[PDB]
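coords14.tsv, holding TSV, C-alpha atoms and all ligand atoms:
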```
chain	number	residue	atom	x	y	z
A	1	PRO	CA	11.16	-1.86	3.57
A	2	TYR	CA	12.10	1.76	2.90
A	3	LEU	CA	11.47	1.27	-0.82
A	4	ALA	CA	8.24	-0.59	-0.02
A	5	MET	CA	6.51	2.74	0.63
A	6	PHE	CA	7.33	3.98	-2.89
A	7	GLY	CA	5.08	1.31	-4.42
A	8	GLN	CA	7.71	-1.41	-4.76
A	9	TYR	CA	6.39	-4.81	-3.69
A	10	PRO	CA	8.75	-7.43	-2.22
A	11	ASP	CA	9.38	-10.35	-4.57
A	12	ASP	CA	10.99	-13.05	-2.39
A	13	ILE	CA	7.86	-13.64	-0.33
A	14	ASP	CA	5.83	-15.87	-2.67
A	15	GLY	CA	7.06	-19.29	-3.72
A	16	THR	CA	5.59	-18.91	-7.21
A	17	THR	CA	7.03	-15.42	-7.73
A	18	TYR	CA	10.41	-16.17	-6.14
A	19	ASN	CA	13.15	-16.68	-8.74
A	20	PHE	CA	16.40	-18.46	-7.91
A	21	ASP	CA	18.38	-16.63	-10.61
A	22	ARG	CA	18.83	-13.53	-8.46
A	23	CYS	CA	19.85	-15.34	-5.28
A	24	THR	CA	23.07	-17.24	-4.57
A	25	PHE	CA	23.45	-20.33	-2.41
A	26	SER	CA	26.88	-19.29	-1.09
A	27	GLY	CA	28.26	-15.91	-0.09
A	28	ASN	CA	30.84	-15.75	-2.90
A	29	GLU	CA	28.69	-13.38	-4.94
A	30	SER	CA	27.11	-9.92	-4.89
A	31	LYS	CA	23.43	-10.87	-4.64
A	32	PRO	CA	21.28	-11.87	-1.66
A	33	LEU	CA	21.44	-15.32	-0.13
A	34	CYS	CA	18.92	-17.89	-1.33
A	35	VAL	CA	15.91	-18.85	0.74
A	36	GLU	CA	16.39	-21.78	3.10
A	37	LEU	CA	15.44	-25.01	1.33
A	38	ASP	CA	14.26	-28.45	2.45
A	39	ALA	CA	15.32	-32.04	1.81
A	40	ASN	CA	13.16	-31.85	-1.34
A	41	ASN	CA	14.89	-28.64	-2.52
A	42	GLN	CA	11.86	-26.36	-2.23
A	43	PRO	CA	11.22	-23.14	-0.29
A	44	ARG	CA	10.59	-23.81	3.39
A	45	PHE	CA	8.80	-20.67	4.60
A	46	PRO	CA	5.09	-21.28	5.31
A	47	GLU	CA	3.91	-18.62	2.79
A	48	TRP	CA	0.81	-17.99	4.95
A	49	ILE	CA	2.81	-15.93	7.46
A	50	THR	CA	4.70	-13.58	5.15
A	51	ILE	CA	1.85	-12.49	2.87
A	52	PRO	CA	-0.49	-11.13	5.59
A	53	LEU	CA	2.49	-9.46	7.24
A	54	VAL	CA	3.40	-7.67	4.02
A	55	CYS	CA	-0.23	-6.72	3.39
A	56	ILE	CA	-0.49	-5.15	6.85
A	57	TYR	CA	2.86	-3.37	6.48
A	58	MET	CA	1.96	-1.92	3.08
A	59	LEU	CA	-1.47	-0.83	4.32
A	60	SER	CA	0.10	0.92	7.31
A	61	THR	CA	2.87	2.64	5.34
A	62	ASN	CA	1.58	3.54	1.88
A	63	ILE	CA	-1.93	4.63	2.85
A	64	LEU	CA	-2.63	5.33	6.51
A	65	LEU	CA	0.60	7.04	7.55
A	66	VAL	CA	0.81	9.44	4.59
A	67	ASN	CA	-2.85	10.42	4.98
A	68	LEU	CA	-2.26	11.09	8.67
A	69	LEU	CA	0.75	13.24	7.76
A	70	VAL	CA	-1.38	15.18	5.27
A	71	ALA	CA	-3.96	15.82	7.99
A	72	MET	CA	-1.29	17.04	10.41
A	73	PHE	CA	0.13	19.38	7.77
A	74	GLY	CA	-3.32	20.77	7.03
A	75	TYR	CA	-4.01	21.46	10.69
A	76	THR	CA	-0.58	23.02	11.16
A	77	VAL	CA	-0.89	25.38	8.19
A	78	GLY	CA	-4.36	26.35	9.39
A	79	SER	CA	-3.27	27.04	12.96
A	80	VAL	CA	-0.08	29.09	12.51
A	81	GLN	CA	-0.98	31.08	9.41
A	82	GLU	CA	-1.12	34.46	11.17
A	83	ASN	CA	2.06	34.15	13.24
A	84	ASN	CA	4.07	33.19	10.15
A	85	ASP	CA	3.30	36.59	8.62
A	86	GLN	CA	4.67	38.38	11.69
A	87	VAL	CA	7.78	36.18	11.69
A	88	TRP	CA	8.41	36.88	8.00
A	89	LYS	CA	7.93	40.61	8.52
A	90	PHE	CA	10.40	40.53	11.41
A	91	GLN	CA	13.00	38.71	9.32
A	92	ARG	CA	12.36	41.16	6.47
A	93	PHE	CA	14.17	43.81	8.52
A	94	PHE	CA	17.37	41.75	8.56
A	95	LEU	CA	16.95	40.79	4.91
A	96	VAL	CA	16.61	44.44	3.86
A	97	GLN	CA	19.40	45.70	6.14
A	98	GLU	CA	21.74	43.04	4.74
A	99	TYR	CA	22.26	45.11	1.58
B	1	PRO	CA	-7.78	-6.83	-5.77
B	2	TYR	CA	-5.98	-5.98	-2.53
B	3	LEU	CA	-2.76	-5.37	-4.45
B	4	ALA	CA	-4.69	-3.40	-7.07
B	5	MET	CA	-4.79	-0.40	-4.73
B	6	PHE	CA	-0.97	-0.31	-4.52
B	7	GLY	CA	-0.72	0.59	-8.21
B	8	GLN	CA	-0.58	-2.96	-9.57
B	9	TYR	CA	-2.77	-3.40	-12.64
B	10	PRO	CA	-4.35	-6.79	-13.43
B	11	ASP	CA	-2.79	-8.50	-16.44
B	12	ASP	CA	-5.22	-11.32	-17.35
B	13	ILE	CA	-7.98	-8.94	-18.44
B	14	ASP	CA	-6.81	-7.98	-21.94
B	15	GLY	CA	-6.48	-10.55	-24.70
B	16	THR	CA	-3.42	-8.82	-26.13
B	17	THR	CA	-1.68	-8.48	-22.76
B	18	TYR	CA	-2.65	-11.94	-21.49
B	19	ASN	CA	0.23	-14.42	-21.69
B	20	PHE	CA	-0.33	-18.17	-21.61
B	21	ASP	CA	3.12	-18.91	-20.15
B	22	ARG	CA	2.02	-18.05	-16.61
B	23	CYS	CA	-1.23	-20.01	-16.67
B	24	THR	CA	-1.73	-23.78	-16.74
B	25	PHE	CA	-4.50	-25.68	-18.50
B	26	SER	CA	-4.73	-28.35	-15.78
B	27	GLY	CA	-4.47	-28.13	-12.01
B	28	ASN	CA	-1.24	-30.15	-11.76
B	29	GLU	CA	0.86	-27.01	-11.30
B	30	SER	CA	1.40	-24.04	-8.99
B	31	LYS	CA	0.12	-21.22	-11.20
B	32	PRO	CA	-3.40	-19.98	-11.93
B	33	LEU	CA	-5.73	-21.80	-14.28
B	34	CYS	CA	-5.82	-20.63	-17.89
B	35	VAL	CA	-8.67	-18.54	-19.24
B	36	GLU	CA	-11.57	-20.47	-20.75
B	37	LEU	CA	-10.98	-20.95	-24.47
B	38	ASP	CA	-13.20	-21.54	-27.50
B	39	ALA	CA	-13.33	-24.06	-30.34
B	40	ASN	CA	-10.78	-21.83	-32.11
B	41	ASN	CA	-8.45	-21.83	-29.07
B	42	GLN	CA	-8.75	-18.12	-28.26
B	43	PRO	CA	-9.86	-16.24	-25.14
B	44	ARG	CA	-13.62	-16.24	-24.73
B	45	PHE	CA	-14.30	-13.32	-22.39
B	46	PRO	CA	-15.92	-10.35	-24.17
B	47	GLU	CA	-13.09	-7.92	-23.23
B	48	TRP	CA	-15.61	-5.03	-23.23
B	49	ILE	CA	-16.99	-6.06	-19.82
B	50	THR	CA	-13.79	-6.51	-17.83
B	51	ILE	CA	-11.96	-3.32	-18.82
B	52	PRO	CA	-14.65	-0.81	-17.71
B	53	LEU	CA	-15.12	-2.84	-14.53
B	54	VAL	CA	-11.42	-2.60	-13.71
B	55	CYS	CA	-11.35	1.10	-14.59
B	56	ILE	CA	-14.23	1.79	-12.20
B	57	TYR	CA	-12.70	-0.35	-9.45
B	58	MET	CA	-9.30	1.35	-9.71
B	59	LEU	CA	-10.90	4.80	-9.77
B	60	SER	CA	-12.91	3.99	-6.65
B	61	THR	CA	-10.02	2.45	-4.72
B	62	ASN	CA	-6.80	4.25	-5.63
B	63	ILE	CA	-8.16	7.79	-5.81
B	64	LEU	CA	-11.56	8.46	-4.27
B	65	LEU	CA	-11.39	6.29	-1.16
B	66	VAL	CA	-7.93	7.41	-0.02
B	67	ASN	CA	-8.80	11.08	-0.54
B	68	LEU	CA	-11.97	10.58	1.50
B	69	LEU	CA	-9.90	8.95	4.25
B	70	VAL	CA	-7.49	11.90	4.20
B	71	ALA	CA	-10.42	14.29	4.60
B	72	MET	CA	-11.80	12.29	7.53
B	73	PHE	CA	-8.39	12.28	9.23
B	74	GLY	CA	-8.06	16.03	8.76
B	75	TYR	CA	-11.46	16.69	10.29
B	76	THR	CA	-10.76	14.31	13.17
B	77	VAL	CA	-7.39	15.87	14.05
B	78	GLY	CA	-9.00	19.31	13.87
B	79	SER	CA	-11.94	18.39	16.09
B	80	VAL	CA	-10.29	16.52	18.98
B	81	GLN	CA	-7.03	18.44	19.27
B	82	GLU	CA	-7.81	19.97	22.67
B	83	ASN	CA	-9.17	16.85	24.39
B	84	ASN	CA	-6.09	14.86	23.37
B	85	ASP	CA	-3.90	17.19	25.43
B	86	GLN	CA	-6.01	16.56	28.53
B	87	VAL	CA	-5.94	12.80	27.93
B	88	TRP	CA	-2.16	12.83	27.54
B	89	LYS	CA	-1.75	14.91	30.70
B	90	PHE	CA	-3.96	12.47	32.60
B	91	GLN	CA	-1.92	9.47	31.40
B	92	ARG	CA	1.27	11.35	32.27
B	93	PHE	CA	0.44	10.80	35.95
B	94	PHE	CA	0.53	7.02	35.51
B	95	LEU	CA	3.61	7.23	33.30
B	96	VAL	CA	5.50	9.26	35.92
B	97	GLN	CA	4.29	7.19	38.88
B	98	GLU	CA	5.40	4.00	37.10
B	99	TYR	CA	9.03	4.70	38.02
C	1	LIG	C1	-8.92	-6.22	5.65
C	1	LIG	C2	-8.39	-7.06	4.48
C	1	LIG	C3	-8.89	-6.45	3.15
C	1	LIG	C4	-6.85	-7.19	4.52
C	1	LIG	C5	-6.31	-8.63	4.46
C	1	LIG	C6	-7.05	-9.48	3.40
C	1	LIG	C7	-6.18	-10.42	2.55
C	1	LIG	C8	-5.21	-9.57	1.71
C	1	LIG	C9	-5.38	-11.47	3.36
C	1	LIG	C10	-6.04	-11.88	4.70
C	1	LIG	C11	-5.63	-13.35	4.96
C	1	LIG	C12	-4.72	-13.71	3.76
C	1	LIG	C13	-4.55	-15.18	3.36
C	1	LIG	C14	-4.02	-16.07	4.48
C	1	LIG	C15	-3.67	-17.45	3.91
C	1	LIG	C16	-3.53	-17.76	2.61
C	1	LIG	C17	-3.19	-19.09	1.92
C	1	LIG	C18	-1.85	-18.96	1.19
C	1	LIG	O1	-1.51	-20.22	0.61
C	1	LIG	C19	-0.99	-21.18	1.54
C	1	LIG	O2	-1.14	-21.03	2.72
C	1	LIG	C20	-0.21	-22.40	1.03
C	1	LIG	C21	1.08	-22.59	1.85
C	1	LIG	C22	2.10	-23.52	1.16
C	1	LIG	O3	1.98	-23.79	-0.01
C	1	LIG	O4	3.03	-23.97	1.80
C	1	LIG	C23	-1.99	-17.91	0.07
C	1	LIG	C24	-2.57	-16.56	0.56
C	1	LIG	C25	-3.76	-16.65	1.55
C	1	LIG	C26	-5.11	-16.84	0.82
C	1	LIG	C27	-3.51	-15.26	2.21
C	1	LIG	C28	-3.59	-14.13	1.14
C	1	LIG	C29	-4.18	-12.76	1.55
C	1	LIG	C30	-5.26	-12.84	2.62
C	1	LIG	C31	-6.60	-13.34	2.04
C	2	LIG	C1	0.21	-15.00	11.76
C	2	LIG	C2	0.59	-13.70	11.03
C	2	LIG	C3	0.54	-13.84	9.50
C	2	LIG	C4	-0.28	-12.52	11.49
C	2	LIG	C5	0.10	-12.04	12.90
C	2	LIG	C6	1.46	-11.33	12.92
C	2	LIG	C7	1.36	-9.82	13.20
C	2	LIG	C8	0.48	-9.22	12.08
C	2	LIG	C9	0.78	-9.59	14.61
C	2	LIG	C10	1.78	-10.12	15.68
C	2	LIG	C11	1.74	-9.12	16.87
C	2	LIG	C12	0.57	-8.16	16.52
C	2	LIG	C13	0.52	-6.75	17.14
C	2	LIG	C14	0.47	-6.69	18.67
C	2	LIG	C15	0.31	-5.22	19.08
C	2	LIG	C16	-0.11	-4.20	18.30
C	2	LIG	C17	-0.30	-2.71	18.64
C	2	LIG	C18	-1.75	-2.24	18.39
C	2	LIG	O1	-1.84	-0.81	18.48
C	2	LIG	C19	-1.37	-0.17	19.67
C	2	LIG	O2	-0.22	-0.29	20.00
C	2	LIG	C20	-2.32	0.71	20.51
C	2	LIG	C21	-3.20	-0.10	21.47
C	2	LIG	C22	-4.29	0.76	22.14
C	2	LIG	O3	-4.87	1.61	21.51
C	2	LIG	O4	-4.57	0.58	23.31
C	2	LIG	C23	-2.22	-2.60	16.98
C	2	LIG	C24	-1.93	-4.05	16.55
C	2	LIG	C25	-0.48	-4.51	16.82
C	2	LIG	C26	0.50	-3.90	15.80
C	2	LIG	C27	-0.78	-6.04	16.69
C	2	LIG	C28	-1.29	-6.37	15.25
C	2	LIG	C29	-0.80	-7.65	14.56
C	2	LIG	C30	0.59	-8.10	14.99
C	2	LIG	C31	1.71	-7.18	14.47
C	3	LIG	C1	-15.19	8.89	-16.93
C	3	LIG	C2	-14.20	8.13	-17.82
C	3	LIG	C3	-12.90	8.94	-17.94
C	3	LIG	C4	-13.95	6.70	-17.28
C	3	LIG	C5	-14.16	5.57	-18.32
C	3	LIG	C6	-13.55	5.92	-19.69
C	3	LIG	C7	-12.81	4.78	-20.42
C	3	LIG	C8	-11.59	4.36	-19.58
C	3	LIG	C9	-13.68	3.53	-20.72
C	3	LIG	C10	-15.20	3.84	-20.89
C	3	LIG	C11	-15.75	2.79	-21.89
C	3	LIG	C12	-14.52	1.91	-22.22
C	3	LIG	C13	-14.50	1.12	-23.54
C	3	LIG	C14	-15.68	0.16	-23.71
C	3	LIG	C15	-15.44	-0.73	-24.93
C	3	LIG	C16	-14.27	-0.90	-25.58
C	3	LIG	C17	-13.91	-1.76	-26.79
C	3	LIG	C18	-12.90	-2.83	-26.39
C	3	LIG	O1	-12.62	-3.66	-27.52
C	3	LIG	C19	-13.64	-4.63	-27.81
C	3	LIG	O2	-14.75	-4.51	-27.35
C	3	LIG	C20	-13.32	-5.84	-28.70
C	3	LIG	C21	-13.87	-7.13	-28.07
C	3	LIG	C22	-13.26	-8.40	-28.67
C	3	LIG	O3	-12.26	-8.34	-29.34
C	3	LIG	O4	-13.78	-9.48	-28.46
C	3	LIG	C23	-11.60	-2.15	-25.92
C	3	LIG	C24	-11.82	-1.07	-24.85
C	3	LIG	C25	-13.04	-0.12	-25.08
C	3	LIG	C26	-12.69	1.05	-26.02
C	3	LIG	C27	-13.23	0.25	-23.57
C	3	LIG	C28	-11.93	0.91	-23.00
C	3	LIG	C29	-12.08	2.02	-21.94
C	3	LIG	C30	-13.34	2.87	-22.08
C	3	LIG	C31	-13.21	3.87	-23.25
C	4	LIG	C1	-21.33	-3.64	-18.65
C	4	LIG	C2	-20.22	-3.33	-17.63
C	4	LIG	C3	-18.83	-3.24	-18.28
C	4	LIG	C4	-20.52	-2.06	-16.83
C	4	LIG	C5	-21.64	-2.28	-15.79
C	4	LIG	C6	-21.18	-3.18	-14.63
C	4	LIG	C7	-21.05	-2.42	-13.29
C	4	LIG	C8	-20.03	-1.29	-13.51
C	4	LIG	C9	-22.45	-1.90	-12.86
C	4	LIG	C10	-23.38	-3.11	-12.55
C	4	LIG	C11	-24.24	-2.71	-11.31
C	4	LIG	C12	-23.91	-1.21	-11.09
C	4	LIG	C13	-24.12	-0.57	-9.71
C	4	LIG	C14	-25.55	-0.62	-9.17
C	4	LIG	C15	-25.57	0.16	-7.84
C	4	LIG	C16	-24.66	1.06	-7.40
C	4	LIG	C17	-24.62	1.88	-6.10
C	4	LIG	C18	-24.57	3.39	-6.36
C	4	LIG	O1	-24.28	4.11	-5.16
C	4	LIG	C19	-25.13	3.90	-4.03
C	4	LIG	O2	-25.23	2.80	-3.55
C	4	LIG	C20	-25.89	5.08	-3.38
C	4	LIG	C21	-27.20	5.43	-4.11
C	4	LIG	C22	-27.83	6.74	-3.60
C	4	LIG	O3	-27.13	7.68	-3.32
C	4	LIG	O4	-29.03	6.82	-3.47
C	4	LIG	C23	-23.44	3.76	-7.34
C	4	LIG	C24	-23.36	2.87	-8.60
C	4	LIG	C25	-23.43	1.35	-8.31
C	4	LIG	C26	-22.09	0.83	-7.73
C	4	LIG	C27	-23.78	0.94	-9.78
C	4	LIG	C28	-22.62	1.35	-10.75
C	4	LIG	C29	-22.21	0.38	-11.87
C	4	LIG	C30	-22.45	-1.09	-11.54
C	4	LIG	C31	-21.47	-1.63	-10.48
C	5	LIG	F1	-0.95	6.01	10.73
C	5	LIG	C1	-1.03	4.88	11.41
C	5	LIG	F2	-0.17	4.92	12.42
C	5	LIG	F3	-0.74	3.86	10.61
C	5	LIG	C2	-2.47	4.71	11.95
C	5	LIG	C3	-3.42	5.66	11.60
C	5	LIG	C4	-4.72	5.54	12.07
C	5	LIG	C5	-5.07	4.47	12.89
C	5	LIG	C6	-4.12	3.53	13.24
C	5	LIG	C7	-2.82	3.65	12.77
C	5	LIG	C8	-1.79	2.58	13.19
C	5	LIG	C9	-1.21	2.64	14.46
C	5	LIG	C10	-0.28	1.68	14.87
C	5	LIG	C11	0.38	1.72	16.26
C	5	LIG	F4	-0.07	2.77	16.93
C	5	LIG	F5	0.08	0.61	16.91
C	5	LIG	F6	1.70	1.81	16.12
C	5	LIG	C12	0.03	0.70	13.95
C	5	LIG	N1	0.92	-0.44	14.01
C	5	LIG	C13	0.84	-1.05	12.89
C	5	LIG	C14	1.56	-2.15	12.63
C	5	LIG	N2	2.29	-2.70	13.50
C	5	LIG	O1	3.14	-3.41	13.03
C	5	LIG	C15	3.13	-3.50	11.59
C	5	LIG	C16	4.49	-3.11	10.99
C	5	LIG	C17	5.54	-4.17	11.37
C	5	LIG	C18	5.09	-5.55	10.86
C	5	LIG	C19	3.76	-5.92	11.54
C	5	LIG	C20	2.69	-4.90	11.14
C	5	LIG	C21	2.06	-2.47	11.22
C	5	LIG	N3	0.03	-0.55	12.02
C	5	LIG	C22	-0.53	0.62	12.72
C	5	LIG	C23	-1.45	1.56	12.30
C	6	LIG	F1	-14.99	6.97	-1.59
C	6	LIG	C1	-15.95	6.48	-2.36
C	6	LIG	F2	-16.70	5.66	-1.64
C	6	LIG	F3	-15.41	5.82	-3.37
C	6	LIG	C2	-16.81	7.64	-2.90
C	6	LIG	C3	-16.43	8.95	-2.60
C	6	LIG	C4	-17.18	10.02	-3.08
C	6	LIG	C5	-18.31	9.78	-3.85
C	6	LIG	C6	-18.69	8.48	-4.14
C	6	LIG	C7	-17.94	7.41	-3.67
C	6	LIG	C8	-18.40	5.99	-4.03
C	6	LIG	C9	-19.46	5.41	-3.31
C	6	LIG	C10	-19.89	4.12	-3.62
C	6	LIG	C11	-21.05	3.45	-2.85
C	6	LIG	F4	-21.50	4.27	-1.91
C	6	LIG	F5	-22.03	3.17	-3.70
C	6	LIG	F6	-20.61	2.33	-2.29
C	6	LIG	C12	-19.23	3.46	-4.64
C	6	LIG	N1	-19.40	2.15	-5.22
C	6	LIG	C13	-18.53	2.03	-6.15
C	6	LIG	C14	-18.43	0.91	-6.88
C	6	LIG	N2	-19.24	-0.05	-6.76
C	6	LIG	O1	-18.80	-1.10	-7.18
C	6	LIG	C15	-17.48	-1.02	-7.73
C	6	LIG	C16	-16.52	-2.01	-7.06
C	6	LIG	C17	-16.93	-3.45	-7.40
C	6	LIG	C18	-16.92	-3.63	-8.93
C	6	LIG	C19	-17.95	-2.68	-9.55
C	6	LIG	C20	-17.52	-1.23	-9.25
C	6	LIG	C21	-17.08	0.43	-7.42
C	6	LIG	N3	-17.75	3.04	-6.34
C	6	LIG	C22	-18.21	4.01	-5.33
C	6	LIG	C23	-17.76	5.29	-5.05
```
Will you turn the file into structure tokens for me?
Amino acid sequence: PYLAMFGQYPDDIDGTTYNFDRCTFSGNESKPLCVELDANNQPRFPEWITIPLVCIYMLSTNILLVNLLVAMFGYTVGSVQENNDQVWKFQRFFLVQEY
Amino acid sequence: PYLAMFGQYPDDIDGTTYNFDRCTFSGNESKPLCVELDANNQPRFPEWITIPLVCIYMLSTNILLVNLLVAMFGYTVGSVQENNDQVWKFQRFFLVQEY
């Protein structure tokens, strides 16, 4: 999910896209466990629950949240522009007196 | 089209890029139907109609719309900053009295 915000889309969520080469049935390996199967040896997850969930998650993370953060940063830089100059001037005394 | 905003570019829009392995001629399969062919067994779509359409769609979605949303969020956070404090203070009474 952390990578999902950087444009990476989960792969093991669609039966068609899912590939069994990556996964392993047992734990004696270094790749993720395979999806739970059925008596017919096919993926069992409904596939109409995961896709909308991922769509909503990606919409919330990639787009809305970053835009909100941009807005907050804009307001913050606008609000405290003048006080930052005074703070920098105050610290300039220490910076100059250091040498 | 929903995924198209997350940076994914459609593949079955260019004759060179289009691959027949994914598609299926008949419906007895779990992958999308193949593009309509011609008497010579080649893709039939003009290829000069789809590409500009996709370019315009991607330009509208990925870039313009999200930037507009960012602008709206910035204006909204700027406008209602003071009233939000009063609303939070009002709800603080209920939050404190809950316990
Ligand atoms: C505000 C909008 C733009 C955001 C959400 C729109 C779509 C991205 C979502 C909403 C409901 C979703 C659909 C809900 C159910 C299904 C059927 C699903 O196929 C199955 O259910 C078969 C299940 C099986 O084979 O076991 C494939 C995706 C689809 C069309 C989902 C794909 C994406 C849809 C259209
Ligand atoms: C069947 C599947 C594919 C779709 C449904 C699964 C989730 C997408 C549902 C389950 C619980 C739902 C959530 C229940 C509570 C909330 C909080 C709500 O926002 C708030 O917390 C503020 C409410 C307010 O302003 O008063 C927005 C929707 C959300 C995430 C709901 C949206 C959709 C959720 C996550
Ligand atoms: C404001 C600008 C920056 C946005 C649009 C610019 C280009 C991305 C678009 C505008 C018109 C498009 C062109 C319209 C027609 C064609 C020819 C097309 O090839 C064919 O028509 C052959 C058809 C066939 O083989 O059957 C390949 C793409 C190209 C150059 C299109 C590719 C992209 C172009 C240059
Ligand atoms: C031959 C192919 C490859 C290019 C042409 C196909 C589409 C790109 C054309 C067909 C109809 C056109 C649309 C007709 C109407 C509108 C609405 C217009 O914006 C408005 O609705 C507001 C108008 C106003 O401000 O008065 C912007 C262009 C658009 C999307 C036009 C732009 C280009 C469209 C989508
Ligand atoms: F910037 C932002 F915050 F996105 C946002 C900006 C502008 C307007 C609304 C929101 C918002 C707020 C909340 C809430 F206030 F409720 F937290 C949201 N919650 C969710 C989801 N909940 O669960 C999901 C993740 C876990 C899987 C199920 C889906 C996404 N999307 C929200 C969007
Ligand atoms: F933020 C935004 F809105 F993008 C936008 C922001 C700033 C200036 C203009 C726009 C805008 C407005 C409209 C309209 F107001 F007309 F709706 C647009 N329409 C379209 C397209 N129409 O159809 C397409 C999708 C379907 C396939 C054909 C191409 C894209 N791009 C627009 C850009």
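Going from atom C30 of ligand LIG 1 (chain C) to atom CA of residue 50 of chain A covers 10.3 Å.
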*Taking only C-alpha atoms and all ligand atoms into account, report as a list in words which residues have an atom no farther than 8 Å from an atom of ligand LIG 1 (chain C).*
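I would give the residues around ligand LIG 1 (chain C) as residues 15, 44, 45, 46, 47, 48, 49, 51, 52, 55 and 56 of chain A; 2 and 3 of chain B.
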Output C-alpha atoms for every residue in the selection just made, as a PDB file, in the frame of the given file.
```pdb
ATOM      1  CA  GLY A  15       7.060 -19.290  -3.720  1.00  0.00           C
ATOM      2  CA  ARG A  44      10.590 -23.810   3.390  1.00  0.00           C
ATOM      3  CA  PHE A  45       8.800 -20.670   4.600  1.00  0.00           C
ATOM      4  CA  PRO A  46       5.090 -21.280   5.310  1.00  0.00           C
ATOM      5  CA  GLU A  47       3.910 -18.620   2.790  1.00  0.00           C
ATOM      6  CA  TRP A  48       0.810 -17.990   4.950  1.00  0.00           C
ATOM      7  CA  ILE A  49       2.810 -15.930   7.460  1.00  0.00           C
ATOM      8  CA  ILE A  51       1.850 -12.490   2.870  1.00  0.00           C
ATOM      9  CA  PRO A  52      -0.490 -11.130   5.590  1.00  0.00           C
ATOM     10  CA  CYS A  55      -0.230  -6.720   3.390  1.00  0.00           C
ATOM     11  CA  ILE A  56      -0.490  -5.150   6.850  1.00  0.00           C
TER      12      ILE A  56
ATOM     13  CA  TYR B   2      -5.980  -5.980  -2.530  1.00  0.00           C
ATOM     14  CA  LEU B   3      -2.760  -5.370  -4.450  1.00  0.00           C
TER      15      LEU B   3
END
```
*Could you report the residues within 6 Å of ligand LIG 5 (chain C), using all atoms listed in the file, as a PyMOL selection string?*
chain A and resi 53+56-57+60+64-65+68
*Compute the chain B side of the contact with chain A at 12 Å, counting all atoms listed in the file, and hand it back as an MDAnalysis selection string.*
chainID B and resid 1:8 22:23 29:32 61:63 65:81
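Going from atom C26 of ligand LIG 3 (chain C) over to atom CA of residue 41 of chain B, you cover 23.5 Å.
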Padding 6 Å on each side, edges along x, y and z: where is the centre of the box around the listed atoms of segment 42-51 of chain B, and how long are its edges in Å to one decimal? Output it as lines of an AutoDock Vina configuration file.
```
center_x = -12.9
center_y = -10.7
center_z = -23.0
size_x = 20.2
size_y = 26.8
size_z = 22.4
```
*Around the point (12.6, -17.0, -6.9), in the coordinates given by the file, pick out the residues reaching within 12 Å, counting only C-alpha atoms, and return them as a PyMOL selection string.*
chain A and resi 10-24+32-37+42-43
